[PDB]
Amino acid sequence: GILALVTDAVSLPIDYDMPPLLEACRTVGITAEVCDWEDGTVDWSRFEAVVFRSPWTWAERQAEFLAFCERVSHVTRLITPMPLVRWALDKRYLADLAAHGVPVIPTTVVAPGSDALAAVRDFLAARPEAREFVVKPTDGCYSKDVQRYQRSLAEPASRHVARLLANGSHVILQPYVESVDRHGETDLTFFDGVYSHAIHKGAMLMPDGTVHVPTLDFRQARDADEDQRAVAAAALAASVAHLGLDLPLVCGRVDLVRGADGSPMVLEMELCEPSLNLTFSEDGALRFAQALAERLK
């Protein structure tokens, strides 16, 4: 019952979770092997199951990674089955969350083939109150191609949008949530539908155009309040219901931001290959290994 933990050379160095996850696996008796999804020498048929941990370059070659996952599902069991994978790797899931009553950041999806500039202008027209907005691909991570713009910069942003559509990605337009500048965001980690821990992550989009990447210095242990955990758990339940999942998500991370209302709303959610912040909790890794141990029974 060897367990494959998927990563890739470029991403393994920033997967702070792998070291502690491997020890936890050791503690629950499961033999895990770290595998690069682009390593053609891997016989995926050898594994009992596979878990996608940090194949984070998928953001650079989405179709390629999705194809990889698809091919792997034929030779071995995926802890996160394909339906979940395709759905979790596209921020369009924010609309499904909204349909389930889960509070999310007002989100507008621009599909390939759309008029980039018109799309941006209609967006700003519908939200005359948004002083700034953000452009981002629905299929990305680690701040990839994410940018902040003052509403007067529609044309430049439309060019950013066009660049993304050209690569065949859907683009999401959202108003810039003002509280993020001073209160960043809160990322909650769950295991089998149960809250484990959270962290605070500083803002990534600087007013001066700088776009940061969530490195360790941008994170710190945080205790999510009732409301935040309540929203996070709703987002997860909505995901379980939407996909018809028989079991809770082995693990997941729900990122929340503060609205003007003060109440929390989902920024993004990671259910396929999330950074879990295991090293910021005293038993998060054990809870993850245990949840995995239950799936392998």
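All residue numbers refer to positions in the sequence shown, first residue = 1.
**Q** Quick check on the record: does 228-236 or 260-268 carry the larger mean Cα temperature factor?
**A** Comparing 260-268 with 228-236, the higher mean C-alpha B-factor belongs to 260-268.
**Q** Tell me which stretch, 91-99 or 121-129, has the higher mean Cα B-factor listed in the entry.
**A** Comparing averages over the C-alpha atoms only gives 121-129.
**Q** Which listed residue, 32, 51, 59, 67, has the largest C-alpha temperature factor in the record?
**A** Of the candidates given, the C-alpha B-factor peaks at 32.
**Q** Could you look up the Cα B-factor of residue 187 in the entry and say which third of the chain it sits in: lowest, middle or highest?
**A** According to the entry, residue 187 has a C-alpha B-factor in the chain's lowest third.
**Q** Tell me, lowest, middle or highest third: where does the Cα B factor of residue 38 rank within its chain?
**A** According to the entry, residue 38 has a C-alpha B-factor in the chain's middle third.
**Q** Name the third of the chain's ranked CA B-factors that contains residue 212, choosing lowest, middle or highest.
**A** Tercile = middle for this residue's CA B-factor.
**Q** Tell me, lowest, middle or highest third: where does the Cα B factor of residue 244 rank within its chain?
**A** Ranked within chain, residue 244 CA B lands in the highest tercile.
**Q** Sorting by Cα B-factor within the chain, modelled residues only, which third would residue 178 end up in: lowest, middle or highest?
**A** As the PDB entry reports it, the C-alpha B-factor of residue 178 lands in the highest third of its chain.
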